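Undergrad: Encoded as structure tokens, here's the structure I'll be asking about.
In this analysis, Cβ positions are derived from the backbone assuming ideal geometry, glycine residues included, and neighbour counts consider all displayed protein chains. What follows draws every value from the coordinates through simple rules; no lab data is involved.
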Amino acid sequence: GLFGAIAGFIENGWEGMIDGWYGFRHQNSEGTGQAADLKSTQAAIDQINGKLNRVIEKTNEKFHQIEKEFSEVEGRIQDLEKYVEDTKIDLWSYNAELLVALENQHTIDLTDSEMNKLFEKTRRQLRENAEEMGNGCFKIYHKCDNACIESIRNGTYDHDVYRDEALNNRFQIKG
Amino acid sequence: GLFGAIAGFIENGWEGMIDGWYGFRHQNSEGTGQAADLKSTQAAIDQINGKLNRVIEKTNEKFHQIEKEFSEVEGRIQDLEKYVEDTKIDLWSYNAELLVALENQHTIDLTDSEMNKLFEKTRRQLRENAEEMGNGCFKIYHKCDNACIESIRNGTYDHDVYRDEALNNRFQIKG
Amino acid sequence: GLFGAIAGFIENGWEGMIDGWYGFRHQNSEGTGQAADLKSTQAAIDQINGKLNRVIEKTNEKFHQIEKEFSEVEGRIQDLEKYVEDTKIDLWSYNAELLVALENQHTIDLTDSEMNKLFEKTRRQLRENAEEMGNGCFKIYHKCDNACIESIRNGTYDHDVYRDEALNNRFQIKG
Amino acid sequence: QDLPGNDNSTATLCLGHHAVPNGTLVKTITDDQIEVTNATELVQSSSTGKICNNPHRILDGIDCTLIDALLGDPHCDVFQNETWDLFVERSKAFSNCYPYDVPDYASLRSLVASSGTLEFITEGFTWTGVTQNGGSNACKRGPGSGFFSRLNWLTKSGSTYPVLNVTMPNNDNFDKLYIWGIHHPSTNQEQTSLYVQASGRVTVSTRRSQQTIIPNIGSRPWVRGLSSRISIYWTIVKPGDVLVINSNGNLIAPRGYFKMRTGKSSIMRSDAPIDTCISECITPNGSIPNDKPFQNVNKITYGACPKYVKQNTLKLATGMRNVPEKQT
Amino acid sequence: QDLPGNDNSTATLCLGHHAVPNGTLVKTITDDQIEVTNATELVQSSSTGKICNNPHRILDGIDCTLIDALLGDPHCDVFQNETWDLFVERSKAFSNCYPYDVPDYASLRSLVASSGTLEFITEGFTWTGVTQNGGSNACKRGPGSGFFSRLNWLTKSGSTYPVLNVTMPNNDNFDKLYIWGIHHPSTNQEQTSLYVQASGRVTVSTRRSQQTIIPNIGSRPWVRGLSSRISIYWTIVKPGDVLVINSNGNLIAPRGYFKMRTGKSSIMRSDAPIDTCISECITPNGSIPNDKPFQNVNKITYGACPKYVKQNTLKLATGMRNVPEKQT
Amino acid sequence: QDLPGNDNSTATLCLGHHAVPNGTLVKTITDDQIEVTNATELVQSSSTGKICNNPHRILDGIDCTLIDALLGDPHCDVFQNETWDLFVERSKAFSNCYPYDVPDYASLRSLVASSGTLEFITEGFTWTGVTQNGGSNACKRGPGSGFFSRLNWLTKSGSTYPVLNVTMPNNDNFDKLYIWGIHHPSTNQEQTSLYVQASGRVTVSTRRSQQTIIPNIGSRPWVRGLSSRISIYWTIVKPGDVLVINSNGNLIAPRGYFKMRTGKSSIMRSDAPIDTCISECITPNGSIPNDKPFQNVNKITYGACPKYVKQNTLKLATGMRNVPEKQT
Ligand SMILES: CC(=O)N[C@H]1[C@H]([C@H](O)[C@H](O)CO)O[C@@](O[C@H]2[C@@H](O)[C@@H](CO)O[C@@H](O[C@H]3[C@H](O)[C@@H](O)[C@H](O)O[C@@H]3CO)[C@@H]2O)(C(=O)O)C[C@@H]1O
Ligand SMILES: CC(=O)N[C@H]1[C@H]([C@H](O)[C@H](O)CO)O[C@@](O[C@H]2[C@@H](O)[C@@H](CO)O[C@@H](O[C@H]3[C@H](O)[C@@H](O)[C@H](O)O[C@@H]3CO)[C@@H]2O)(C(=O)O)C[C@@H]1O
Ligand SMILES: CC(=O)N[C@H]1[C@H]([C@H](O)[C@H](O)CO)O[C@@](O[C@H]2[C@@H](O)[C@@H](CO)O[C@@H](O[C@H]3[C@H](O)[C@@H](O)[C@H](O)O[C@@H]3CO)[C@@H]2O)(C(=O)O)C[C@@H]1O
Ligand SMILES: CC(=O)N[C@H]1[C@H]([C@H](O)[C@H](O)CO)O[C@@](O[C@H]2[C@@H](O)[C@@H](CO)O[C@@H](O[C@H]3[C@H](O)[C@@H](O)[C@H](O)O[C@@H]3CO)[C@@H]2O)(C(=O)O)C[C@@H]1O
Ligand SMILES: CC(=O)N[C@H]1[C@H]([C@H](O)[C@H](O)CO)O[C@@](O[C@H]2[C@@H](O)[C@@H](CO)O[C@@H](O[C@H]3[C@H](O)[C@@H](O)[C@H](O)O[C@@H]3CO)[C@@H]2O)(C(=O)O)C[C@@H]1O
Ligand SMILES: CC(=O)N[C@H]1[C@H]([C@H](O)[C@H](O)CO)O[C@@](O[C@H]2[C@@H](O)[C@@H](CO)O[C@@H](O[C@H]3[C@H](O)[C@@H](O)[C@H](O)O[C@@H]3CO)[C@@H]2O)(C(=O)O)C[C@@H]1O
Ligand SMILES: *[C@@H]1O[C@H](CO)[C@@H](O[C@@H]2O[C@H](CO)[C@@H](O[C@@H]3O[C@H](CO)[C@@H](O)[C@H](O)[C@@H]3O)[C@H](O)[C@H]2NC(C)=O)[C@H](O)[C@H]1NC(C)=O
Ligand SMILES: *[C@@H]1O[C@H](CO)[C@@H](O[C@@H]2O[C@H](CO)[C@@H](O[C@@H]3O[C@H](CO)[C@@H](O)[C@H](O)[C@@H]3O)[C@H](O)[C@H]2NC(C)=O)[C@H](O)[C@H]1NC(C)=O
Ligand SMILES: *[C@@H]1O[C@H](CO)[C@@H](O[C@@H]2O[C@H](CO)[C@@H](O[C@@H]3O[C@H](CO)[C@@H](O)[C@H](O)[C@@H]3O)[C@H](O)[C@H]2NC(C)=O)[C@H](O)[C@H]1NC(C)=O
Ligand SMILES: *[C@@H]1O[C@H](CO)[C@@H](O)[C@H](O)[C@H]1NC(C)=O
Ligand SMILES: *[C@@H]1O[C@H](CO)[C@@H](O)[C@H](O)[C@H]1NC(C)=O
Ligand SMILES: *[C@@H]1O[C@H](CO)[C@@H](O)[C@H](O)[C@H]1NC(C)=O
Ligand SMILES: *[C@@H]1O[C@H](CO)[C@@H](O)[C@H](O)[C@H]1NC(C)=O
Ligand SMILES: *[C@@H]1O[C@H](CO)[C@@H](O)[C@H](O)[C@H]1NC(C)=O
Ligand SMILES: *[C@@H]1O[C@H](CO)[C@@H](O)[C@H](O)[C@H]1NC(C)=O
Ligand SMILES: *[C@@H]1O[C@H](CO)[C@@H](O)[C@H](O)[C@H]1NC(C)=O
Ligand SMILES: *[C@@H]1O[C@H](CO)[C@@H](O)[C@H](O)[C@H]1NC(C)=O
Ligand SMILES: *[C@@H]1O[C@H](CO)[C@@H](O)[C@H](O)[C@H]1NC(C)=O
Ligand SMILES: *[C@@H]1O[C@H](CO)[C@@H](O)[C@H](O)[C@H]1NC(C)=O
Ligand SMILES: *[C@@H]1O[C@H](CO)[C@@H](O)[C@H](O)[C@H]1NC(C)=O
């Protein structure tokens, strides 16, 4: 949508991920692993539910109204009774049709947003120690065991601890 | 608009570009050149047309309705016939005026988005070999002939092929 | 909101800042200081005022209308007079409630946008001489006195002037 | 730091989002079928088919319409002094007493319908000089001839129908609804046989208003053996006002007043079954749940109901775009 | 990998977007003139000035209004049994037969207008004891005096106007519309010359209803030589019901029934030319194209038309912001 | 290049945004209380309690309703030929002349209300054979018996009430509104004492229409000593048309015409004080400022007013989210 992460730079979703809406897959010293991110999953869910509750906020109640069905033909007054109701129905139908259209558009952009925000958040954390491979995967340039991967995920990763190892691996090489 | 590329970090448009909506201009070892990007141009056009068709989706038809013009003065019932229509017209006029306002705001943000997405996409591709001069132009730090510029444009640019040349040019220098 | 700067990567606002809406706080070898950015402050204010004026654009005037209060019980025609007005009020109340809801959502995203755009603008300017600490603060890697901080703020900072000092401080170190 | 930290390996971390094999298409500002992870339906489009008898007071009219219940057609005597939040009128209802017509039937039905009560008070009208309690074989009450329970057909006594001039003060603190009528004879002979004068006249008035109706002699279609008709009229008398009924023939006199109230009561024509279940929204197709914001069951509703909409389905996306990883 | 790249140069790649010299201003949530690359108009604001005669059946009323066509004013005899999707009534239409008034003209015009047919069936009413086919010099049919083709003016026979009491059963499976009337004489002398009784009375009824009208003697303004008037009334008889016409003077009798239908027909007052072209939307200003969503031509419309709006222009941006490079 | 000389150091630059200690909660698409830096109220919810007498012409009816002012009840003689943008009717208004009723009071009040003028022109009607200027003790004009200033009660002269047949041509280029009426006697003896004929009749007509009303004898409730009533009727005569009044008894004759206009005038029932201040929007609760887009003061309004809404508060955020340093 607006941010270009979902159905954008992240090529596709993972049907495999069943424990949350956004998350990580790694490949490190002990192998490969997946894990849902629960903060962005909750952020997306809370917003969509907020949106959802506002739309289910109170049906107004109506009691005695006008007649809306007639068996004889009466002319002027009955023509107006029918017209008031038909122009009421068309106005409410328009409102329903535009309401879900705006809402839907916003939900796709909102979730695109959260994906991209998680990406940015992980980028910022990794600092000079990783490079964006451009498909939503960071190449981390230093030995990163499973506890290292877990510190990136739970947000305690200290970049300094690996900055020299990473900068050597990343730049120095032979050019 | 929301992303700050159009009429933002990209100082202005190019009246010169007549073959698409977004695109590249470059200067390299072999001379200078311009070229529209057709994927982002199509993305922006398809969205705007989708938007456009939904707005032209079926005029509802109406046959016998109420009278809306009168030559004599009748009082109570005619006062209501006139009031039902006038409050109908004001409600539909409001809807038209808010509909184009929302739509228009969204179109300027949507196209701002696509520009910025193309920028991001090119950034990601160039990897460690270029630097953002901050005006929507990347300074590429290695010899890049016309076929090199073409591979960035058509998305096949292999950054590795030039990473050492680029990293030398970019960092080493004298500090 | 959509960009994740306000109430996002920037942990909170500064009640201390009273001279504008967005701005800078710095710590260098001469001291510390704060200063509002007036371009982004004006951008945010102008948009919100534009939005505001369109909503206060002309009350339409109405003169003779229908009766909306009755003391005797009349049946069919009075039931319709009451129904036309009640369905009018509900339609206008719906419009007001959706209008402020859309508007408000947009205002929080629009201001989130401006914050993030100021951040991006400063990032682009600093080039290879600073690193994003991930909380909206750049670590500048070179001696930056108060006139240096002022040139970043007023947009005249020449990165080249400090590129070698910065690149040495930033990379070389011991890895 | 350490000493020569030499283990030059790398790691890869990829961010992503879920996808479901199934997915649901929803409409958007820019596309009208875009597939999302999940959506929810906002249009309620199906009734239970039964009118739940709770929380509102539903009064099933069975084979009486509300006006026959009001007038007191013999077969509707069940309904006297009854009350309701919603009177349900059935397609099968039938009238079976003296042929009558009501000039603004539509307003009288409305008026009573939303008052919500048929509570009748009898008042001591004194008709001097005429015969009371007239009835007819078309309005059989049991074995005998009868008439509407709430109306009183006056005819001549001996050889005279005097000019009736009665009054009934509204001394209470509420409005009083009076239902009265006039009898249109089939023949001039009938007019004189019953009311002596060859032209009746009924004038009912208060301080604020007056109605004078004059009968209309002539044959109408045989309805339950009769070509005559009576037409029904109504007068509301406000507190402190006074009713004066003045007639010189053909009057169908009131027996007292229905008391009017102000509430949430209304009437609904429906042949749906009433059932014991609790439901706030009633539609002539049966009750429907007001959990969704819009409904497509019926434009006629009573109670806390969703807004009727022309559309039968409107799905609100509740999840991200679905970009599957195959689709299995 | 590769060998010494002796020269080590740089390149510049810049991204950008188009701009047009011209551009169009559009309204926004935050600005009300922002210039964009391109926009499209959503308000249709101009008619062709001609009513296209396709796809709907347009019936040009020429100098007849629909009620005169219905009653059968001589000069409107062209329209008998005609049909339409849209009857167009012209400002120039004129009546030119016996002076009449129609108590609820507005509903009778509506009623007929949306039925969409003037198909008349003649039925065998038998008036015994009166003279039929009365006409007048104000309703000239050819050289002679005449009257509305669909009505039948009865007067006395010799020295008597008996009490007419006729019946006509609706045995078909459709509704039958009957148009009848009453003649109001100018003088009491006129009343007796034509109908003998000094006070007429017309009662038309079915099982469901009745109307009794009594004439009103007195001079009105001279209209085509006459101070008298006839007033028009209508009765619909449903399948299985029965019409009973009972009168004792002043009746203008029906000659049969117009048959009613249910369709998309309506009436429109317009002096726009009809032309041969196909257009779904008709406005009294002429047909307009329903390609745009909203229109500002006229609030009166028939067919698939854009929603009328107060605004005369609403531009939907279809392109990005226009940020050109030159000066102004 | 630039030569550092000696210092080796770093700086920190942080970007941020303001926050306020206080803050205001606003509704959103996704949350319904989110706190923002600042908001503004869009619902005007309070009146000044006084109707400003500027810029519209407010006419305070004091203790006259507009129909009594029109008819010319003695105590309303203040209002003759008066004009208004808004006639304010007070709860205290009372009638104090001959008991009258107006069949479509509601339309006559509307009709006059929006014409905005009570300018009366007297025309030379010549009633030959009847007594003019009748009045009553229930409509005291000063010490004497009187009647409505704009109506003329005719009674017999000597022993005859002839058949009145008068005409008044509309020769001017504007519509003329005529207010006339009929007197309903309490007794047949009264009918003959005043109008000789035992049954009156009033027929008022133009080329386009006619009304015939026949009186209705009978007792109504004593109102200012009387059981009789007069009912008010109105006829508009268009340019080039002609009024013909024809009666044979019980006519309350017009004395000329009110002239009608077309404007922005209307009527409002309110007991709010009029005051000297300028305000475009009037509500029966007093004037309200139309600076905000919506109002919750009253659904009845006159002038440039905000749209009435059910909500009493709707705040539009005018600032960013409030994320304070300590708490809120
Ligand atoms: C949806 C619909 O059917 N609307 C009808 C209504 C309903 O039938 C009615 O409201 C049910 O309560 O009837 C309307 O017509 C009535 C009207 O013609 C009056 C006379 O003016 O008569 C009613 O029928 C009577 C009949 O005349 C009596 O002899 C009999 O004793 O009772 C009958 C009713 O049960 C007509 O129904 C209406 O005005 O309300 C026409 C609507 O189109
Ligand atoms: C927009 C508009 O002009 N509305 C008028 C209509 C139209 O003129 C009419 O619908 C065209 O079909 O007329 C309304 O008034 C009619 C009403 O006064 C009746 C009598 O109650 O008479 C009509 O004129 C007759 C005239 O009386 C006959 O003598 C003559 O033979 O034919 C004339 C019609 O052609 C009035 O037009 C209406 O109620 O429909 C008033 C609307 O304001
Ligand atoms: C909100 C409201 O009160 N609506 C009433 C109105 C208003 O009272 C009226 O518009 C004020 O101008 O009155 C309505 O009823 C009137 C109606 O019954 C007619 C007769 O058909 O009489 C009016 O009262 C008269 C009374 O009959 C006269 O004897 C007396 O000289 O003057 C009185 C008026 O001042 C009733 O008010 C109406 O139809 O307009 C009923 C609304 O519910
Ligand atoms: C208070 C009272 O008078 N009750 C009478 C009624 C009324 O006289 C009658 O409703 C006035 O409209 O009449 C009752 O007898 C009538 C009944 O037998 C019917 C059945 O058809 O016929 C009436 O006489 C008819 C006669 O049968 C027809 O053939 C003829 O063409 O016309 C006559 C018109 O009067 C009877 O009067 C009744 O039960 O309705 C007896 C009540 O006690
Ligand atoms: C069935 C029938 O009676 N046809 C007559 C009609 C009717 O008698 C008449 O329409 C009833 O309203 O009258 C016809 O003659 C009338 C015609 O000559 C007009 C022309 O003005 O005058 C009528 O008499 C007038 C008289 O001319 C006036 O000066 C006088 O003041 O009043 C008289 C009122 O009766 C003629 O009756 C006709 O053509 O309309 C002849 C039809 O055959
Ligand atoms: C033009 C004219 O006739 N003015 C008379 C009126 C009218 O005669 C009267 O309004 C017709 O409705 O009558 C005036 O006197 C009446 C007045 O004294 C009232 C007071 O109650 O009484 C009327 O007679 C009553 C009588 O008082 C009752 O007890 C009895 O039951 O009925 C009688 C019915 O006529 C007086 O006629 C008047 O002031 O209104 C005198 C006017 O000059
Ligand atoms: C005026 O004309 C009408 C219509 O012609 C006459 O109505 C008809 O009157 C007869 C005799 O009363 C009715 O007959 C009875 O009908 C029932 C049902 O069919 C049947 O059981 C009886 O044995 C008898 O046939 C007839 O139904 C009735 N028809 C209609 C449509 O109402 C009326 O009598 C005439 N009146 C006068 C005074 O001339
Ligand atoms: C009742 O009063 C009305 C109005 O005064 C009388 O109407 C007028 O009657 C005369 C004679 O019939 C009409 O004369 C006609 O004038 C036309 C030209 O406009 C002429 O061509 C005819 O030959 C005829 O002479 C006059 O037009 C008519 N005016 C109006 C406004 O209707 C009516 O005659 C009186 N009736 C009685 C019984 O007193
Ligand atoms: C028809 O019946 C009505 C109601 O019974 C009669 O009305 C009443 O008539 C009397 C005598 O005219 C009225 O009395 C007067 O009342 C005033 C006020 O108290 C008083 O000042 C007089 O001295 C006298 O007592 C009474 O108010 C009136 N009541 C009503 C409700 O209108 C009417 O008179 C009867 N008419 C005939 C011809 O029988
Ligand atoms: C983050 O992960 C590391 C490795 O599992 C662990 O030591 C640390 O405590 C974790 N912190 C949190 C907040 O989970
Ligand atoms: C991209 O450009 C290079 C140079 O023109 C060419 O060899 C390559 O095949 C192009 N790829 C595509 C998909 O156009
Ligand atoms: C920016 O700041 C520097 C240091 O104060 C100053 O020399 C320069 O002129 C400033 N430029 C502007 C446009 O304020
Ligand atoms: C789809 O959305 C609705 C509303 O949020 C929710 O009740 C439902 O459980 C969702 N489906 C799944 C599989 O989460
Ligand atoms: C509800 O009832 C109406 C009329 O009885 C019928 O046409 C409609 O289709 C029904 N809809 C549903 C959902 O039952
Ligand atoms: C402007 O937009 C409309 C609708 O998308 C399109 O038909 C028209 O061709 C556009 N103009 C140009 C120059 O592309
Ligand atoms: C009108 O149509 C009917 C029905 O077919 C027909 O019998 C009648 O004679 C037609 N009359 C004319 C004048 O066309
Ligand atoms: C259409 O017709 C109406 C009334 O005939 C006129 O006032 C209006 O201005 C016309 N508008 C157009 C676009 O023709
Ligand atoms: C809050 O917003 C309104 C409208 O923009 C403005 O008048 C008001 O001054 C604002 N409050 C502050 C403290 O800026
Ligand atoms: C009312 O205005 C008319 C028209 O100028 C005038 O002739 C008439 O005498 C005025 N009457 C009063 C009482 O002001
Ligand atoms: C305005 O007046 C109405 C009726 O007089 C009253 O119910 C309402 O509450 C009042 N509201 C205000 C804001 O004065």
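Undergrad: Show me, for segment D:6-12, the HN-Hα J-couplings you get by feeding each phi into the Karplus relation (A = 6.51, B = -1.76, C = 1.60, θ = phi - 60°), rounded to Hz, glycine and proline as x.
TA: Result, ordered by residue: 9, 6, 5, 10, 10, 9, 10 Hz.
Undergrad: Rounded to the nearest 0.05, what FRET efficiency do D:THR313 and B:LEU102 give with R0 = 30 Å and r taken as the Cβ-Cβ distance? Could you check?
TA: Using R0 = 30 Å, I get an efficiency of 0.80.
Undergrad: For the protein assembly as shown, build the charge dipole from Cβ charges (+1 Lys, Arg; -1 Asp, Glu) around the Cα centre, then report which of E:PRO221, F:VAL102, E:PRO239 sits farthest towards its positive end.
TA: Result: E:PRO221, furthest along the dipole toward the positive end.
Undergrad: While we're here: Past the 16 angstrom mark, what percentage of all C-alpha to C-alpha distances in segment D:257-328 do you count?
TA: 63
Undergrad: If one computes the Cα centroid of segment E:190-235 and of segment F:217-257, what distance in Å separates the two points?
TA: 22
Undergrad: Could you tell me the distance between the Cα centroids of segment C:38-110 and segment E:142-182, to the nearest Å?
TA: Cα centroid of segment C:38-110 versus Cα centroid of segment E:142-182: 57 Å apart.
Undergrad: Where does chain E land at 222 nm, in deg cm²/dmol rounded to the nearest 500, when only DSSP H runs of n ≥ 4 count, each adding -39500 (n - 2.57), divided by all residues?
TA: Per the formula, -2000 deg cm²/dmol.
Undergrad: Loop only by DSSP, 12 or fewer other Cβ within 10 Å of the Cβ. Give me the chymotrypsin sites (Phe, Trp or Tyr not before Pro) in segment D:27-122 that pass, ordered by residue number.
TA: Sites meeting the loop and neighbour criteria: D:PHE94.
Undergrad: What's the magnitude of the charge dipole for the protein assembly as shown around its Cα centre, counting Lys and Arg as +1 and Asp and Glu as -1 at the beta-carbon? Answer in Debye, nearest 20.
TA: 7060
Undergrad: Sorted by mean Cβ packing within 10 Å, highest first, what order do the peptides A:95-107, A:157-169, E:185-197 take? Can you show the working numbers first?
TA: Details: A:95-107: 21.2, A:157-169: 18.8, E:185-197: 17.0.
Taking the mean over residues of other Cβ atoms within 10 Å, the ranking is A:95-107, A:157-169, E:185-197.
Undergrad: Using only the Cα atoms of the protein assembly as shown, each taken as one equal point scatterer with no solvent, compute I(q) by the Debye sum, divide by I(0), and report log10 of the ratio at q = 0.05, 0.08 Å⁻¹.
TA: Normalising to I(0) and taking log10 leaves -0.56, -1.09.
Undergrad: Do any trypsin sites (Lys or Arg not before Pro) in segment E:23-127 lie in a DSSP loop with no more than 12 other beta carbon atoms within 10 Å, and if so, which?
TA: Counting only loop positions with at most 12 other Cβ atoms within 10 Å, the trypsin sites (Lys or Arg not before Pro) in segment E:23-127 are E:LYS92.
Undergrad: Would you work out which of B:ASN60, B:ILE89, B:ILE48 lies farthest towards the positive end of the dipole of segment B:45-114? Charges go on Cβ: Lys and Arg +1, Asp and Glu -1.
TA: B:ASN60
Undergrad: Here's a follow-up. Under a point spin-label approximation (7 Å from Cα along Cα-to-Cβ), what is the F:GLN1-C:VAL55 distance to one decimal in nm?
TA: Taking the simple label geometry, F:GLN1 and C:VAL55 are separated by 5.1 nm.
Undergrad: Distance from a point 7 Å along Cα→Cβ of D:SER9 to each backbone N in segment A:146-173: keep the residues under 11 Å and list them by number.
TA: A:146
Undergrad: Let me ask something additional. I'd like the Karplus ³J(HN,Hα) series for segment E:44-55: coefficients 6.51, -1.76, 1.60, θ = phi - 60°, whole numbers in Hz, and an x wherever there's a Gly or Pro.
TA: 6, 10, 7, 9, 6, x, 9, 8, 5, 7, 7, x
Undergrad: A follow-up question, please. Given R₀ = 22 Å, what would the calculated FRET efficiency be for E:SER91 paired with E:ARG57, taking r from the Cβ atoms and rounding to 0.05?
TA: The pair E:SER91/E:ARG57 has a calculated efficiency of 0.50.
Undergrad: Straight-line reach only, C-alpha to C-alpha below 14 angstrom: list the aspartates and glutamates that D:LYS156 could link to, leaving out same-chain residues fewer than 8 apart.
TA: In chain and number order, the partners are D:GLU190.
Undergrad: Can you give the charge dipole size of segment E:169-229 about its Cα centre, rounded to the nearest 20 debye, using +1 on the beta carbon of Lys and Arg and -1 on the beta carbon of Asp and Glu?
TA: On the way: 7 positive and 3 negative charges, 24 e Å.
Its charge dipole is roughly 120 debye.
Undergrad: Would you work out which of D:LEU251, D:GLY49, B:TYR141 lies farthest towards the positive end of the dipole of the protein assembly as shown, given +1 charges on the beta-carbon of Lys and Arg and -1 on that of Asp and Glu, about the Cα centre?
TA: D:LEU251
Undergrad: Longer than 31 Å from Cα to Cα, which of B:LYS58/D:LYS315; C:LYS58/F:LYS310; B:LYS139/C:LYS139; C:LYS121/C:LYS143 are they? Say none if no pair is.
TA: Working: B:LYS58/D:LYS315 20 Å; C:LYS58/F:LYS310 20 Å; B:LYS139/C:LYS139 23 Å; C:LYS121/C:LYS143 21 Å.
Cα-Cα > 31 Å for no pair; all within.
Undergrad: Among the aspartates and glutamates, which fall within straight-line cross-link reach of A:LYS82, defined as a Cα-Cα distance under 14 Å, with same-chain neighbours fewer than 8 residues apart omitted?
TA: Filter leaves A:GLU67, A:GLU69, A:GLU72, A:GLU74, A:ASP90, B:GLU67, B:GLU81, B:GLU85, C:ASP79, C:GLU81.
Undergrad: When only alpha-carbon atoms count, how far does segment D:36-155 stretch along each of its three principal axes, as whole angstroms with the largest first?
TA: The principal-axis extents, from largest down, are 85, 27, 26 Å.
Undergrad: Hey, could you pull the Cα Rg and Dmax for chain C, both in Å?
TA: Considering chain C through its Cα atoms, Rg and Dmax are 27.2, 95 Å.
Undergrad: From other protein chains only, count the Cβ atoms within 10 Å of every residue's Cβ in F:216-227, then give the mean.
TA: Average neighbour count from other chains, rounded to a whole number: 6.
Undergrad: On to the next question. Please give the Cα centre distance for segment E:51-125 versus segment D:300-328, rounded to the nearest Å.
TA: If we compute the Cα centre of each part, the gap is 48 Å.
Undergrad: To continue, here is another question. Between B:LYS174 and A:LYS39, what's the calculated FRET efficiency when r is the beta-carbon distance and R0 is 41 Å? Round to 0.05.
TA: 0.35
Undergrad: Could you size up the charge dipole of chain F around its Cα centre, putting +1 on the beta carbon of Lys and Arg and -1 on that of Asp and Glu, and report it in debye to the nearest 20?
TA: The dipole of chain F has a size of about 1400 debye.
Undergrad: Something else about it: Calculate the mean, over all residues of peptide A:122-132, of how many other protein chain Cβ atoms lie within 10 angstrom of the residue's Cβ.
TA: 3
Undergrad: With labels modelled as points extended 7 Å from the Cα through the Cβ direction, what inter-label distance (nm, one decimal) is found for E:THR128 paired with E:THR83?
TA: 3.9
Undergrad: Please list, or write none, the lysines whose alpha carbon is within less than 23 Å of the alpha carbon of D:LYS92, excluding same-chain residues fewer than 8 places away.
TA: A:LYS68, D:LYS50, D:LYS140, D:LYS299, E:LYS238
Undergrad: Taking the Cα-to-Cβ direction at E:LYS140 and at D:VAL223 and moving 7 Å from each Cα, how far apart do the two end points lie in nm?
TA: About 4.8 nm separates the two model spin labels.
Undergrad: For chain A, what does the helix formula give at 222 nm: sum of -39500 (n - 2.57) over DSSP H segments with n ≥ 4, over the residue count, nearest 500 deg cm²/dmol?
TA: -17000 deg cm²/dmol
Undergrad: If you plug each phi of segment D:67-78 into the Karplus form 6.51 cos²θ - 1.76 cosθ + 1.60 with θ = phi - 60°, what whole-Hz ³J(HN,Hα) values come out, in order, with x for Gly and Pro?
TA: Listing the rounded values in order: 4, 5, 4, 5, 5, x, 3, x, 6, 9, 4, 3 Hz.
Undergrad: Going by how many other Cβ atoms sit within 10 Å of their own, how do D:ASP85, B:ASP112 line up, fewest first?
TA: Neighbour counts put them in this order, fewest first: D:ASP85, B:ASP112.
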